[PDB]
Amino acid sequence: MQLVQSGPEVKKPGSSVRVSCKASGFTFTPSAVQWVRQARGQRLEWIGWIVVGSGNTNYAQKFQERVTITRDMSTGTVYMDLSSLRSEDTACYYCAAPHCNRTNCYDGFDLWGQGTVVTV
Amino acid sequence: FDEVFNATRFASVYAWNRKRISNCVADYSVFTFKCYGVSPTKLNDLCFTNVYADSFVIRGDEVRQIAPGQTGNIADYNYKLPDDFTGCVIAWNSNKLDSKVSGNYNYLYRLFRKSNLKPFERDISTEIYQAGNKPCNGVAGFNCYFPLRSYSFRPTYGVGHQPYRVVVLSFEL
Amino acid sequence: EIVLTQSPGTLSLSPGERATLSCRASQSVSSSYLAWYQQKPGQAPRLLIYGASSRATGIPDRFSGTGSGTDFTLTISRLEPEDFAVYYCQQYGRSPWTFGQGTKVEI
C-alpha cells in the first residue's frame with residue numbers, strides 16, 4: 001500500500017547511482033511507475049517511467065544517455081540508474097505508481113514514495 | 001508420429017496449431033516424457049479412437065505451468081488444461097536450434113487479458129487494452145498497452161531462459 | 001515540449017475564502033489526462049484531481065476542477081489554515097511528461 005525507497009547516498013562527480021523503488025503486488029498486475037526529481041525549493045521535474053509488465057520505457061531527451069530504468073519481476077523491484085553525476089542532479093527522487101491490484105488500474109498516480117536524498 | 005516433432009518451425013504460444021490424428025495405428029514407440037492420464041505401461045495397447053496433438057514453444061522455467069490445475073502467466077492467459085486431464089506432456093530443450101545470433105523475436109506470449117481462459121481455448125487479437133475508464137478510442141501508451149511481448153531467446157543464456165518445445169497430446173474417447 | 005504556466009504566483013487570503021488557480025498549456029490536451037498535486041514543506045506530494053474533474057477518494061468536496069482544450073483551472077471553495085501549501089499542475093496525457101511551475105497561498 002506504500003512505496004519503499006533506499007536511504008540517502010553520497011557520491012562524487014563522475015560516478016553512477018542506483019536507486020531502488022520496491023513495491024508489493026507489481027508482479028502479475030499492470031503498474032506504470034514514473035520517476036520524478038525535485039531540488040530544494042525548485043519545481044518538480046520529470047525523469048522517466050516504465051511499465052512493469054512489458055518493459056516499455058520512455059526517457060526525457062535531456063536526460064537521455066544518463067538515465068536507465070531497469071526492472072526486476074522476481075523481487076518486484078525497479079532500478080533507476082544514473083551515470084556521470086553532476087551537481088545539478090543533487091535533489092530528492094520520488095517513485096510514484098497508480099493503485100493497481102484488480103487487473104484494471106486507477107488512472108491517476110496516487111501512491112508516492114518517501115523520497116531519497118542524493119548529494120554530490 | 002513423424003509430422004509433429006521434426007517440424008522445421010513451431011508456432012507461438014499466443015496462438016498454436018494442433019491436429020486430429022486418426023485412422024493411424026499410433027506407433028507410440030516414439031527428455032521429460034511426463035504422462036498424466038494413462039501411464040505408458042499399456043500406451044501401446046489401447047482403443048482410444050480419437051487423438052489430438054498440439055504444439056508450443058516456451059521458456060524452460062515456464063514448462064511446469066503446463067500441468068493442469070496450476071497458475072501462471074502463460075497457463076492463466078494462453079493455455080490451460082482441464083482438471084480431468086487425460087494425456088501426456090512431452091518436452092525437451094531447443095537451446096542450439098531455436099536460438100539465433102542476436103536472438104529470435106518471432107515468438108510471442110500474451111501478457112494481458114480481460115479474464116482467465118477456459119480449457120482448450122485461444123484468442124488471437126492484437127488491440128489496445130487496460131484502463132479504469134477506457135476512453136482509448138485512439139492508440140496511446142498510458143494504460144493502453146500493446147498486449148504481446150516478444151521473448152528474447154538470445155544465442156546463449158544459462159538454462160532457464162532457453163527455448164523448450166513442449167507437445168501436449170490430448171487423448172479422448 | 002508542452003509548456004505549462006501556473007498563475008497567480010502568490011496568493012494572500014484569510015481562511016474560509018475562495019481561491020482560484022489557472023493552469024495554461026500550449027497544445028490540445030485530453031481532458032481525461034490532467035491532474036493536480038499538493039505539496040507541503042518536506043513531505044511527499046499528494047494526489048488531488050485525476051482527469052481534471054474526478055476528485056480523489058476521501059478528499060474534501062470543497063475542491064473543484066474543470067477546464068478543456070489548452071487551459072485548465074482549479075478552484076477551492078472554503079479555505080482553511082492547514083491548506084496553505086504549494087500546488088503543482090501536471091498534464092499527463094502526452095509524452096514527454098510535464099509539470100507546472102508552482103503557486104503559494106497564505107495570509
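By the method listed in its record, cryo-EM, this PDB entry was determined to a resolution of 3.99 Å.

Per the PDB entry, chain C is named Light chain of VacBB-665, and its organism is Homo sapiens. Per the PDB header, the title for this entry is "SARS-COV-2 BA.1 Spike incomplex with VacBB-665".

Naming follows the PDB entry, where chain A appears as heavy chain of VacBB-665 of Homo sapiens.

## Concerning the interface of chain C and chain A
Across the boundary between the two partners, chain C contributes 17 residues, which contact 17 residues of chain A. In terms of surface lost to chain A, no three residues of chain C exceed C:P45, C:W97 and C:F99, which account for 34% of the buried area on that side. In this assembly, chain C and chain A are joined by three residue pairs in polar contact. When residues of the side of chain C that touches chain A are traced back to their parent elements, those giving at least two are β4 (34-39), β5 (46-50) and β9 (86-91) of chain C. Taken together, the residues of the side of chain C that touches chain A sort by class into 10 nonpolar, seven polar and no charged.

## Here we look at the pairing of strand β7 (residues 67-72) of chain A
The two faces of the sheet receive side chains in turn, since in a regular strand these alternate between them. Residues and elements named next belong to chain A. Where β7 and strand β8 (residues 77-83) come together, six bridges link them in antiparallel fashion. Within β8, the position partnered with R71 by the bridge is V78. From the end of β7 to the start of β8, which pair antiparallel, there are four residues, and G76 there has a positive phi angle of about 60°.

## Here we look at the pattern of salt bridges
Scanning the entire structure with this criterion turns up 12 salt bridges over all chains. Note that C:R62 and C:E82 form a salt bridge whose closest N and O atoms lie 3.3 Å from each other. Pair noted here: C:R62 is in the loop between β6 (54-55) and β7 (63-68) and C:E82 is in the loop between β8 (71-76) and β9, with a separation of 20 residues, a long-range link. A salt bridge links C:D83 to C:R62; its shortest N-O distance comes to 2.7 Å. With C:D83 in the loop between β8 and β9 and C:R62 in the loop between β6 and β7, the pair connects residues that are 21 residues apart, well separated along the chain. Here the two residues C:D83 and C:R62 agree in accessibility, since each one is buried. The network of salt bridges with shared partners includes A:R37, A:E45, A:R66 and A:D89.

## Let's talk about a nonpolar patch on the surface
There is a patch of nonpolar side chains on the surface, built from B:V30, B:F31 and B:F33 and spanning about 420 Å² of accessible area. Mapped onto the secondary structure, B:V30 falls in the segment before β1 (34-35).

## A closer look at the pairing of strand β3 (residues 19-24) of chain C
Residues and elements named next belong to chain C. A one-sided burial pattern is seen for β3, the buried positions being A19, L21 and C23 and the unburied ones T20, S22 and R24. Where strand β1 (residues 5-7) meets β3, three bridges bridge the pair, whose relative direction is antiparallel. The residue bridging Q6 from the neighbouring strand is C23, located in β3. Bridge count between β3 and β8: six bridges; the pairing is antiparallel.

Cut-offs and rules
- Residues numbered from 1 in each chain as written, not as in the entry; some residues may be left out.
- Chains lettered and ligands numbered in written order.
- Heavy atoms only, no water.
- Contact = heavy atoms within 4.5 Å.
- Buried area = accessible area lost by both parts, 1.4 Å probe.
- Polar contact = N/O pair within 3.5 Å; in protein donor to acceptor, adjacent residues only side chain to side chain.
- Helix = DSSP H or I, 4+ residues; strand = E, 2+ residues; numbered from the N terminus.
- Nonpolar A, V, L, I, M, F, W, Y, C, P; charged D, E, K, R; others polar.
- Pairing = 2+ DSSP bridges.
- Salt bridge = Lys/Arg side-chain N within 4 Å of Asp/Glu carboxyl O.
- Buried < 20%, exposed > 50% of the residue type's maximum accessible area, 1.4 Å probe, protein only.
- Patch = residues over 30% accessible without salt bridge, like charges linked within 9 Å, V, L, I, M, F, W, Y side chains within 5 Å.
- Areas by Shrake-Rupley, 256 points an atom, 1.4 Å probe, with all protein chains shown as cover.

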